Amino acid sequence: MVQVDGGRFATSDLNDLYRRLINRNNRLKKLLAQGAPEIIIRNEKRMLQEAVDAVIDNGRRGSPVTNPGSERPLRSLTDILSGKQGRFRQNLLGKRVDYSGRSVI
Amino acid sequence: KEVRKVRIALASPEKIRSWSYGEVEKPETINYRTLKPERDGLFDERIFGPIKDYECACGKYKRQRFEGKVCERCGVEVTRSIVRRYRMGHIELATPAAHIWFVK
Amino acid sequence: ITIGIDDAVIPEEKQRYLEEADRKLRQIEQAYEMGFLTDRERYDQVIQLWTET
Amino acid sequence: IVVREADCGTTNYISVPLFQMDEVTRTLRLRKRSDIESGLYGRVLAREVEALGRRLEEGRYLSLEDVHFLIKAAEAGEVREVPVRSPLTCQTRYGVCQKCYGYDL
Amino acid sequence: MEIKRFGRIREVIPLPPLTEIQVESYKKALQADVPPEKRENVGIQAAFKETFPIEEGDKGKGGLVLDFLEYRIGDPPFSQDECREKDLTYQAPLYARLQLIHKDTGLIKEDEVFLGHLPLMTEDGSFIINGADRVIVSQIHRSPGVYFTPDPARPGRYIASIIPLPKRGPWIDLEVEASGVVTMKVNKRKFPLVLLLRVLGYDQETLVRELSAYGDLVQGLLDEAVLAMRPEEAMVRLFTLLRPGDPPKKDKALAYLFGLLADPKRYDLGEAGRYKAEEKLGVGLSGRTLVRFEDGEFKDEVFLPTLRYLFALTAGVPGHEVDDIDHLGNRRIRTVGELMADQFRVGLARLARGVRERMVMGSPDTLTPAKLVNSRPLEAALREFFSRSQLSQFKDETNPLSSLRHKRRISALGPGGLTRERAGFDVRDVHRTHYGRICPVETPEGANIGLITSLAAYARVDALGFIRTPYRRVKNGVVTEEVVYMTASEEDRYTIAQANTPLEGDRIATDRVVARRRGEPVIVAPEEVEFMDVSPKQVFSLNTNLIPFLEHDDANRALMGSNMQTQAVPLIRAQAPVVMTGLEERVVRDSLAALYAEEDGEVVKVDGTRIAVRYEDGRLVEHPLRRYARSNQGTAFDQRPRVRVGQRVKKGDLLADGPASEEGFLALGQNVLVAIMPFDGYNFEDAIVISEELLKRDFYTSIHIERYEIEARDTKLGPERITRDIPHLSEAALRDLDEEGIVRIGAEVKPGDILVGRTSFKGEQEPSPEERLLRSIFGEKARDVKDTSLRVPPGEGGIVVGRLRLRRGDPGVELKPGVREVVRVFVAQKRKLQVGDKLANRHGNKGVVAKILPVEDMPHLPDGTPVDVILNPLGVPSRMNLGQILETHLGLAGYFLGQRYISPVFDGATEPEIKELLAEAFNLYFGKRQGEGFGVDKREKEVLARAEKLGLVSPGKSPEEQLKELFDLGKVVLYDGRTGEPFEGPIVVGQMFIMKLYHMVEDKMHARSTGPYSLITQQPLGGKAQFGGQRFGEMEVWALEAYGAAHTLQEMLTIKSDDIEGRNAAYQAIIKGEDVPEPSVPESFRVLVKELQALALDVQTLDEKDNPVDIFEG
Amino acid sequence: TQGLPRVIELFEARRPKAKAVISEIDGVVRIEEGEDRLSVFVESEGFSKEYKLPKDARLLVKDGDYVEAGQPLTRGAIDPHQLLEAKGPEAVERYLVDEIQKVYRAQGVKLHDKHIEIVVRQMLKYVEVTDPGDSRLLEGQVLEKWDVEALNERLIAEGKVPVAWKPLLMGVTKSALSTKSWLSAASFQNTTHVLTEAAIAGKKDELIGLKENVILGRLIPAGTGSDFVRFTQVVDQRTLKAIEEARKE
Amino acid sequence: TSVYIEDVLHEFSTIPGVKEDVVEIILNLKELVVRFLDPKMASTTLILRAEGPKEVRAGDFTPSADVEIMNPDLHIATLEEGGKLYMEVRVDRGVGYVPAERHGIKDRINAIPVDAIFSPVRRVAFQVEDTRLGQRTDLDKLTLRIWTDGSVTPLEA
Amino acid sequence: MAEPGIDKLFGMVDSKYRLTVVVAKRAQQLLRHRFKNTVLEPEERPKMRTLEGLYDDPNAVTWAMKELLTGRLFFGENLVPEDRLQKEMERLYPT
Ligand SMILES: C/C(=C\[C@H](C)CCCCC(=O)O)[C@@H]1O[C@@H]2C=C[C@@H]1OC(=O)\C=C/C=C\C=C\[C@H]1O[C@@H]3C[C@H]1O[C@@H](/C=C/C[C@H]1O[C@H](C[C@H](O)[C@H]1C)[C@@H](O)[C@@H](O)/C=C/CC/C=C/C2)[C@@H]3C
Ligand SMILES: [Zn+2]
Ligand SMILES: [Zn+2]
C-alpha cells in the first residue's frame, strides 16, 4: 500500500480481492451463527467459493471482478505469477539496473 | 547446508495455518489520514511484522540481543522490517472452497 | 582518397555498347512483325538482350 | 546444454561428407570449401584418417590446416567422408561433452 | 548573392495551395459563407438530411416528426490564442433550425437548437484541441464499388465484395463453398444467398435461365427446394436468421436497411458507386443495393447482376476479369471534412434514438425541439474524434517543412475502415498509378512502411476522394497550354509524354517520343502522343522535391534525405542552402510560419515585437511577432523582422522570417566549407569531424525550450498549495521565487532548483510526545506540510522564459476533477554543436559529430581558409547518393563565384554547366593569387606531379594549367593543418548544405550509481535527485549466459535491483572498501516461494542430502 | 519456400506445402498418363504402391528408374515426420541440419554445423512408450531416462520388460515445451497447467539447466557457476604450511 | 565577455523600438574588436547610450581614455522611433576561444555572459616558393601572409 | 593492450573458468587482508602513474593475476577443507 501524492493511494490490487473475500466469509459466517435461512446461505456459499475463485484466478468462469468505477479486471494471485513481470518471467526478461547509464556513441 | 533442488507440493490446511503467524480473517486495512495499519486486517503489524525497523508501535527497547519481544497492549514483535516481506497470514473460511486451478 | 564526380568514370565502350544494343532491338521488333517470334518469344528475346548488354 | 564433463566416452560418430549429390542431375561434386570447414573445423576425429601418406590419429582435433589438407586429400580421391565426433551423437544427455563439440571456443 | 537559375521546362502551373487537402476540405462540409438554401449536400449539410425526417414509434399512427430545415455555425467564444492559453478547443456552437409536426397539426420551428460544439480549422489546416495544435491526417480505404477478388482460402475460385461508402451501408461479401452453396456474408453472419434471392423474388427457373450453362454452379445455389418458397416467407426466415429473437412478418423492416433508402447502402447519391458498378457489372443502375417500395415488394438491382459476373469469372468469357484492389481508381481519400462529417453521422445517429426515446416518454401535446434534443450525443461523438482518434496526431512542428508535410500525409490505417498493424503487403509496395499522385518516396523505414505516405506536390484529391495529377493535352503535334488534371483510371486510356522530352517553341521536336501508357514505359511517334507531363516535380513529395540533384541520388538515400529534413531543427543563423530546387520559397509561404504583407502598402513601425504597416489607404494593421515561443517538439518558433522603417512593401512579401527561414526561403541548416576525405579514424563509419570554427561562429546553434507543468489538487488530507513558503527551505533556495512560489523570468535554473514551490499535506504519522517535548525546547516549529515542489529534473536546466497559470474558476479554464490551479514554467536553452549531435544533408548522408578540431588542424586551402567539416568518402559508394558529390562541386563554384544556385529536380545543373562555372571560378580564385603576388607553391607542384601519374591532370600542361585541370574536376590541393605538408593527391572540397537534426547528446546520456527504488517493484526506477537505471533485457541475459559470466549475471539479477538485503550489503561494502558480496539468498527466490505459498502449494527447498533448508531464517 | 520462414519450418518440424511425395517402399518406377491424370507407381516384387500427383507436379523420377526407402519422387520440400518413420532418426537429424544450413549458406551466412546439431538433437530428446515395464503404456519419455530403465532391467535387476519405445521427432517448440523442470516449464504459454500438475506429484526440480536458476536468482550452473570449477580453492605458500601445523592437533 | 542592457533579463528577450533582439545584438557584439592601448588595461567596461531613430553602430560607443574601437561602422541595433538602449558591455583580455558557458559573468545580474573569441589573428596562410639566391636548383622561399583585426599587428602577432 | 600475460594464464589451468575462479578467489583474500598477503613482494608489485610518483596499484584482481603468474600459489580442487580454510585465514593481521 503506497501513497501517491497526497491521500491518493496505490493499493496492490490483490489486496482488494483479499477483502472481497473476507467480507463474504464474515457475511456467510454471520448468517450461519444466528438465523440460518436455507436459500440465503446457499447463495452466500455460492459467493464464497466465487470469492476464492477471484483471489486465485479472477479471469475464469467468466465474470471478472470489477472495481467500483472501472471495468478493468484487476489482477489475481494468478496474474502475479502469470508471466510478463510475473515472478516466473520477471528475471529472464526485465529488471532495471543499479550501475548503468547510456549515451550516444 | 545449501539449496540444490526445489520441490513443489500441495497445501495441508494444517500447514497453511502453520505458516500463518495470525489471522487476517478480520476486517480491512491502511489509515490514509494516519499511516497506521488497521487492527487485525491486511497489514496489521500485530500479525505480520513491525512496519518500522525493530521498535514497537508505541515504545519498547530497540535492542539487538533480546530476540522476540511483544508489547503491553499491542502485539508487535521487535525484529527487523524485512519480516513483512515474508510472514504469512490466513483467512479461515467458514466452509469449503475449491482451488479453481484443480477445478477449471 | 576522395570521390569526385569524374571518379564515377563511365567506360568509353558504353555509348557504342548501347548503339549496338539499340540496333539489335530494332532487329527484334522487325522479326516479330513477320511472325518468326511469338508474343512471348519476342519478349524473352528483348529481355535477354538487355540482360546481356 | 552445457559442457559438463570432458568426454562421455561413447564411440558412435558422424560421417561428414565432402561430396554432394544434386538430385536434379544425380551428379556428385566436391562441396564448397567454406561448408567443408563448417563441418570439420575444430572437430575431433572419431576414428583415424589416413591419406596422402599422413595418418590423422584417433581423436585428433582438426585444425584449419588439417581441414584444408583433408580437402586436398579428397581431391586426390583418398577421402570421401570424415569420421567425426559430434553433438548429434554425444552421450552425456544434459549437455555435450568436451571431446564432442570440440574447440570453437 | 545573385542567384543563377537552371534548366528549361517552363513551369506551366505553379504548385497548388499545398495545404489545399485540409483547408478546402473543411470549407465544403461547412458552407458557413453560403445561404442555408443552397448548401448542396455532403458535409454537415447532408449529415443532417441523412437523419432528419425522423419518425417515432409505429408506422403512421402516432404523431410527432421533427424535421431539419437548416443549420447555423456559431461564433468563436474564445480567440485562437485564449484557447491555447486557457486550455480549450477552438470551437463554435452549432445550431439546428428543426421543426416538429403533429397529427392535429402544429408546425413548431423552435428557434434553432444547440446540438453541440464544432471545432474550427485554422488558416493553417490545423486544429487546436484542449490547447495543443492537432492535425487530422487524411486516411485511405477502398473506394466504394463492386469488386469480386480472388479467394485466399480456395484456389481457382472467387469472392464478391459489395462495398459502400464508409458509415453509409454494410460490407456484403459473396463466396461459393466446396458445397457449391453461394452464401451471403454480412455483418459477420452467413446464410445461403438463395434465401435473399428468394425474397427479391427470383424463382427456381428464372435463376437457371439467367445463371446456367457456365459451370455446374447454379446446381448448388439450387437444391434448397425447401426455401425456394413464398417470397414473404423467405423474408421472415431471413429476418429470424439475421436477428435471432423476434419472429414477426415486419421483416420488410430490417430488410429495408440492407436494401433501399439513404439510411444504409448509399454507395453514392449517383456517383463512384453506381458509375463503377455499371462498367464492371452489367450496366443500368440507380443508387442502392436493390429497391424496395416499388409498390410493396423489393426489386433487385445489384445482387443478381453481381452474381452473374461472379459466375462469369469462375469460367467466363474474356472481359470478365479480376479487379486491381490496389489501383488508385479503387482507392479513395477521406479528407478531414468527411471524417469530421462522418462523425456528425455518429452524433446525430445517437441524437435520434434519444429523441424517439423521449417521443415515447412524453406527452405529445407539449413536446418541442429543445425538449427532444439533448446537445450531448453530437458533442461526445465529435469531441471523441478530434481528441481520441488515431488520425488526430499532435502536430509535427520541428520546422516549417515538417509541419506543412504533416498535413499532406495519407494513411491506410486509422479507424474501423483501416487495416491493422499486422496485415497488408501487396498494399505497401509503390503500385504503378502512384505516379504524380502519391509519392514513390517518403514512407517511414520500418513497421508502417507504405501504410503511410505523402501527397505529391501537384496532386489534388477531388470530388470523390480520387487524387488527380495535372497533364498537358498535346493537340497532335503542338503542346497546348491547357492543363488537364485526371484520375488514376482516366489515365490508363491515354498515351502521356514525359516532361524530360524536348520541344521547339510550343511543339514536340524529336522523332522518337518517350511516354507511358497504362503503366508500361513506351516509345511512341510524336503524332501518336496525346498528353504531356507538366513537370517531373509532379512525381515526388514536397520534401522529396527539395533535393537539388535527386536524379543522381539512389532512391533509398533520397528517402533518407527526404525525411531527416523534417528532423532539421531551426537555427539562429539559419540559412537557405547554396544549391536550391525552387520550392524553398514557396514551402515557407504555404506553411504560414513567415509573416507576409496583406496589400502593397508602406511599413511604418518595426521592432523585435511588432511590424506595423500602413497599407495603401486601407487603414493600418500591426502584425505581432511570435517571439521565442515553444513548438510542440521543443524547437523555438520565433519570428524576426526582415524589413526596415519607412519602406514600400511588395504586394505580399516577407515582412518577417519564420523559425527555419532566411529572407522568405527555406533554411533547414547551414552551408559550410566541406572536404570529402578520411581523417584519422575520426570520420570512421558515419562520424563527422567538425571545426571549432563553427562554434566560434555560433553556426550550428539552436535554442531549445522545455516545458514543465505542475497541478495542485484537493485531497482527503487537505489542499495541495502553491506557496513559496516551503518548509525548512533556506531563503537562498527560495531565492528565485516570486511571492507566489513560481520562478522569476530570466532566472537561470540548474537541476534541483525549485521551479514552482508546492506544499502537500500528507499524514505519514503522529509525533508521539518527548519528540513533541523536544520540538518546542529547541525551537523549529513542527509543520503540517511536506515539500513536494516542482524542481528541475537531473540533466535539464536553462533560462526561465515564461510562466503560465490556470486556476479552477478563471473564465474559460476547465481543469479535470480534483485539479485546482495549474502552473507552467517554460525554460529556454541555447544549444551549440556538440560531439554526439547528428548532422545530415539533403541526400541522406546522416552522421554524428565525433570530433571538433581547432582550426590549427583542419585541412585548409592554400589561401589560408580552413574547411569546416571533414566528410568521409568511404561513405559515398555503397549508398549511391552521388548528388551530394555534385552538390559539393557546384557549391565550390559558388564560394568563389559568389552566388547561390537554383537547380531543379531532373532539370537542374549538368556537369557541362557545373564545370563551366568551376572554370570561371578558378579564373577569379587564381587570378587573385597571381594579382596578389603568388602561384603554385612547391606543395602543389609535388601533388600536381603525382596527380598526372594518377591520370587526373593532362601531362604537358603548366602547373597553373594543371591546377585548373583539377579545380575543374572539382578537387583541390588541400594542406594538412597539423603539419603544413600537403595531402598527397588532390581532395574534392566545396560548400555543402548540412542540417542539425532533432537528436542531441544533451537530451540523451544518463548514468546512475544508486538511489530511488520504487516501493511497488523494488527495483530502481525514476530519480528525483540522481536519475535513471538501465534495463537488462532477456537478450542480454543470454549474452551473459553465453559468456560464462555467472556472478555478473547474478549481480544484475539481485544486488542492483530488487534484492534489498543485497544491494544494501553491497553499497555498505563499497563505502567501506570491502569486497562486496556473499549475497545470502537471491531475494527473487524468497519472493517466488512466498508468492507460491499464497496460492497454496508447499514448495520445499532441499539440499543434496534431500532434507530441507529454510532460505529465510525468520 | 526460402529464408527465415524455412528455418522455422525446419526447426519446428513442420509438414510443409508441396510435401513432394517420397516412396514409402523400395522398388521400380513407372510414370503413367499425361495431362488427363498423372500418377506414379513404385512397385517392387510383391507390393505395388501408387502415388497420385497434382498433374502440374514436376516429378523427378523418369520411368523405369529404381528407387529407395524414402526417396523423393516429386521435387519440393520433404516432410520431416514422413522421413522419420520411413527411414529412421539419424536420417532425420541429417536432413534438418543440412537443410537449415541450405539457407544460411545460400544467403551469405557462415556458421558451424555443431550449433545446429546441438539444437537438432534436442528435437530428438523424447520417445513414446510401446509396451512398458513400470509406468503407463503411452507416456512420452526422455531418451536417456528410458535407458535408466532399459539397461537397468536388463543387468542387475534383470527381467520384466526392456520397455519398447518409438523415435519421436519433436519440433523445437514442442520439445522446449515438454521439459521436466517445472520452473522452466512455467515461463511458457500456460504457467497454470505446469504448476497444477507439478504440485499434484511431489515434483522436484534439481535445477540442472540455466533458464531455471536465473528464474530463482541463483548463480547460473555454467562458466564460473559450473560445478566442475567453482569449488576451486587457492591456498598461498605460507598459508598452506601454517594450515598444516594445526591439522595434527 | 558580457553585456548589460537596460530592461533585459536574459538573452531570449527583446527591446522595443529595436528591430534586433538580445540574441542577435549579442552575435553582433561578438564581432566588435577593441584595441586596448594601456597594457595595464586588463578589463574595461564600455558604455553605449542610444536613442530615437538611429542605426546604432559600434562607433556610436562612448570613447574612453585607453580604448580604440577598431571596427566602427559594424551594426549593433537598428532603432525605430521610440528606441532607447543603454549597454554596459565588458571587454576582457583573454586568449583563444572561451565559450560563454565556461567563464560566466558577475557584473551584477541580468548580465548574460558572452562567448569570447579573443584571437586577433583573422587568418594565416604561407607560401613555400622557388627562390633566386645563387645556390641549388632546390632551395626555399617562405612567405607567411597573416591577416589581423587591426587591434594587433600582423608584425606583433 | 589485452590482459597482461593472459595467454600464459589460460595455459596454467584446465577450463579457463577455473582461471577466473582462482583470480577472483585470490583477489578476494588479497583484499580481506590489506595486501599483507602478496607472494610477489620485492620489486614485483604492480603500480600506478599519477600527478605524483609510483604508488601501489590498488587493483586486487590485477595483483591476483600477476601473483598467480609466478607459480607461487596453488589450486587445490579439494585440498584443505572449507571448515579449516576460514580458520588460519583470520590470523596474520586480519582485523
Ligand atoms: C503510427 C501512427 C501514428 C504514430 C503516433 C506516428 C507515426 C509513426 C511513423 C514514423 O514517424 O515513422 C498511426 O498514424 C495514423 C493512424 C493510425 C496509426 O496510429 C498509431 O498506431 C498510434 C498512434 C496514433 C496517434 C496518436 C496520437 C497521439 O499520440 C501522441 C500525441 C498524439 O499525437 C502523436 C503525434 C504524432 C506525430 C508524429 O509525426 C511524425 C513524426 C513523429 O512520429 C510524430 C511527431 C511526422 O513525421 C508526420 O509526418 C507523420 C505522421 C504519421 C501519419 C500517420 C497517420 C495515420 C503523439 C505520438
Ligand atoms: Zn507496543
Ligand atoms: Zn560426448
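- Per the deposited record, determination of this structure is attributed to X-ray crystallography, with the resolution reported as 3.20 Å.

### Considering the interface of chain A and chain E
Okay, step 1: Between chain A and chain E, the contact holds 31 residues from the first and 45 residues from the second.
Okay, step 2: Taken together, the elements giving at least two residues each to the side of chain A that touches chain E come down to β1 (2-4), α3 (90-93), β3 (96-97) and β4 (101-102) of chain A.
Okay, step 3: With four residues, the single largest contributor to the side of chain A that touches chain E is α3(A).
Okay, step 4: For the side of chain A that touches chain E, the residue count by class is 14 nonpolar, 10 polar and seven charged.
Okay, step 5: In terms of strand pairing, β3(A) meets strand β47 (residues 1030-1031) of chain E through two bridges, oriented antiparallel. Along β47(E), the bridge assignment pairs A:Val97 with E:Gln1030.

### Focus: the arrangement of the chains
Okay, step 1: In this assembly, 12 pairs of chains are in contact, and the pair contributing the most contacts is chains A and E.
Okay, step 2: Separated throughout, chain A and chain D approach each other most closely at a C-alpha pair spaced 17 Å apart.
Okay, step 3: Nothing in chain D touches chain G; the tightest C-alpha to C-alpha distance between them is still 51 Å.

### Examining the pattern of salt bridges
Okay, step 1: Following the criterion strictly, the structure yields 135 salt bridges over all chains and no others.
Okay, step 2: The shortest N-O distance in the salt bridge between E:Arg842 and E:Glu887 comes to 3.1 Å. Taken together, the residues span a long stretch of sequence, with E:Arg842 in the loop between β40 (838-840) and β41 (847-853) and E:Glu887 in helix α18 (residues 883-897) at a distance of 45 residues. An identical accessibility class is assigned to E:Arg842 and E:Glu887; each is buried.
Okay, step 3: Ionic contacts of the salt-bridge type, sharing partners, join the residues B:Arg80, B:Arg85, E:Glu1061, E:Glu1083, E:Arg1086 and E:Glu1113 into one network.

### Notes on the coordination of the zinc ion (ligand 2)
Okay, step 1: Looking at the zinc ion (ligand 2), the protein donor atoms are B:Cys56 (SG) and B:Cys71 (SG), and they sit 2.0 to 2.4 Å from it. One end of the pair, B:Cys56, is in the segment after α1 (13-19); the other, B:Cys71, is in the segment after α1, with 15 residues separating them in the sequence.

### Looking at unusual backbone geometry
Okay, step 1: Even without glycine at this site, D:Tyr101 takes up a positive phi of about 65°.
Okay, step 2: The residue D:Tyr101 is located in the segment after β7 (81-85) in this model.
Okay, step 3: Backbone geometry places E:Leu64, a non-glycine residue, at a positive phi of 60°.

### Notes on the site of ligand 1
All names here are of chain E.
Okay, step 1: The environment of ligand 1 is formed by 15 residues, the closest being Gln393, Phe394, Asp396, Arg405 and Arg409.
Okay, step 2: At 3.2 Å, a side-chain N or O of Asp396 approaches an oxygen atom of ligand 1.
Okay, step 3: In isolation ligand 1 exposes 910 Å². Once the protein is present, 62% of that is buried.
Okay, step 4: Looking at the shell around ligand 1, the elements with two or more residues in it are β14 (392-393), α13 (400-407) and β15 (409-411).
Okay, step 5: Residue composition of the shell around ligand 1, by class: five nonpolar, seven polar and three charged.

### Focus: the sheet that holds strand β10 (residues 172-175) of chain E
Okay, step 1: Spatially, five strands are ordered β8-β9-β10-β11-β12 (chain E) in an open sheet, and the strand pairing comes out antiparallel. A single partner strand is all that each edge strand has here, and the edge strands are β8 (145-146) and β12 (189-191) of chain E.

### Details of the coordination of the zinc ion (ligand 3)
Okay, step 1: Coordination of the zinc ion (ligand 3) by the protein comes from D:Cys8 (SG), D:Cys90 (SG) and D:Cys97 (SG), over a distance range of 2.1 to 2.3 Å.
Okay, step 2: A relative accessible area of 0% means that D:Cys97 is categorised as buried.

### Quick look at the environment of B:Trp101
Okay, step 1: Along the chain, B:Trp101 turns up in the segment after α1.
Okay, step 2: Residues B:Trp101 and B:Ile8, spaced 93 residues apart in sequence, show a C-alpha to C-alpha distance of 15 Å.
Okay, step 3: Beyond its immediate stretch of four places on either side in the chain, B:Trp101 contacts A:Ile56, A:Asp57, A:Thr78, E:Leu1095, E:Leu1097, F:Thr192, F:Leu195 and F:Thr196.

### Considerations on the pairing of strand β7 (residues 87-90) of chain G
All names here are of chain G.
Okay, step 1: Here strand β1 (residues 2-5) pairs with β7 via four bridges, running antiparallel. Paired with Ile5 across the two strands is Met87, which belongs to β7.
Okay, step 2: Here three bridges tie strand β3 (residues 46-48) to β7, and the two strands are oriented antiparallel to one another. By the bridge assignment for β7, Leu48 is matched with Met87.

### Some thoughts on the sheet that holds strand β26 (residues 595-596) of chain E
Residue and element names in this part refer to chain E.
Okay, step 1: Overall, antiparallel pairing links the three strands, which are arranged β26-β31-β30 in an open sheet. In this open sheet, the two edge strands, each paired with only one partner strand, are β26 and β30 (640-641).
Okay, step 2: As paired strands, β30 and strand β31 (residues 654-657) are joined by two bridges and run antiparallel to one another. Within β31, the residue paired with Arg640 across the bridge is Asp657.

### A few points about helix α3 (residues 60-68) of chain H
Okay, step 1: Listed as buried for α3(H) are H:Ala60, H:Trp63, H:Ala64, H:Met65, H:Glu67 and H:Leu68.
Okay, step 2: Residues of α3(H) that are buried make contact with α1 (6-11), α2 (17-32), β2 (52-56) and β3 (74-76) of chain H.

### Observations regarding the pairing of strand β3 (residues 48-52) of chain F
All names here are of chain F.
Okay, step 1: Both strand β2 (residues 39-43) and β3 contribute to a ladder of five bridges, which runs antiparallel. From the neighbouring strand, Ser39 faces β3, where its bridge partner is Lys52.
Okay, step 2: If you look at the hairpin formed by β2 and β3, you'll find four residues sitting between the two strands, and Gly46 has a positive phi there, around 75°.

### Some words on the side chain of F:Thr232
Okay, step 1: Considering the arrangement of structural elements, one finds F:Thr232 in the loop between α9 (210-216) and β8 (233-235).
Okay, step 2: Only 2.7 Å separates the side chain of F:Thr232 from the backbone oxygen of F:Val229, close enough to count as a polar contact.
Okay, step 3: With sequence-adjacent residues up to four places away left out, F:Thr232 is seen in contact with H:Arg18, H:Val21, H:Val22, H:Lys25, H:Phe75, H:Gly76 and H:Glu77.

### Regarding the packing of aromatic side chains
Okay, step 1: Under the defined criterion, the tally for this structure stands at 26 aromatic pairs over all chains.
Okay, step 2: An angle of 10° between the planes, with centres 6.1 Å apart, marks the rings of E:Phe6 and E:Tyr901 as stacked. Taken as a pair, E:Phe6 in the loop between β1 (2-5) and α1 (20-27) and E:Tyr901 in strand β43 (residues 899-902) lie far apart in primary sequence, 895 residues in all. With respect to burial, E:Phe6 and E:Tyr901 carry one shared label: buried.
Okay, step 3: Plain terms: the ring middles of E:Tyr628 and G:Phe12 are 6.1 Å apart, the flat faces sit at 80° to each other, and that makes the pair edge-to-face. Note that E:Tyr628 is positioned in the loop between β29 (621-624) and β30 and G:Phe12 in the loop between β1 and α1 (22-31), a pairing that runs across two chains.

### Overview of the packing of helix α1 (residues 14-27) of chain A against helix α2 (residues 38-57) of chain A
A pair of packed helices is captured by two measures, namely the crossing angle of their axes and the spacing between those axes.
All names here are of chain A.
Okay, step 1: Put simply, α1 and α2 touch, their axes get as near as 9 Å, and they point 160° apart. Here α2 runs roughly antiparallel to α1, going by the angle between their axes. For the crossing formed where α1 meets α2, the hand is left-handed. Touching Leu17, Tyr18, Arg20, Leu21, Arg24, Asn25 and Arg27 of α1 are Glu44, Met47, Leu48, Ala51, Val52, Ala54 and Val55, all from α2.

Definitions and limits used
Residues numbered from 1 in each chain as written, not as in the entry; some residues may be left out. Chains lettered and ligands numbered in written order. Part of a larger assembly, values for the part shown. Heavy atoms only, no water. Residues with missing side-chain atoms left out of burial classes, pairs and counts. Contact = heavy atoms within 4.5 Å. Helix = DSSP H or I, 4+ residues; strand = E, 2+ residues; numbered from the N terminus. Nonpolar A, V, L, I, M, F, W, Y, C, P; charged D, E, K, R; others polar. Pairing = 2+ DSSP bridges. Salt bridge = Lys/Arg side-chain N within 4 Å of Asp/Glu carboxyl O. Buried < 20%, exposed > 50% of the residue type's maximum accessible area, 1.4 Å probe, protein only. Donors = N, O, S within 2.8 Å, 3.2 Å for Na, K, Ca; no water. Near = heavy atom within 4 Å. Polar contact = N/O pair within 3.5 Å; in protein donor to acceptor, adjacent residues only side chain to side chain. Areas by Shrake-Rupley, 256 points an atom, 1.4 Å probe, with all protein chains shown as cover. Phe/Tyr/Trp six-rings, centres within 6.5 Å; stacked < 30°, edge-to-face > 60°. Axes fitted to C-alpha atoms, helices over the stretch in contact; angles between N-to-C directions. Parallel < 35°, antiparallel > 145°, perpendicular 65-115°, else oblique. Left-handed = near helix turned anticlockwise from the far one by under 90°.

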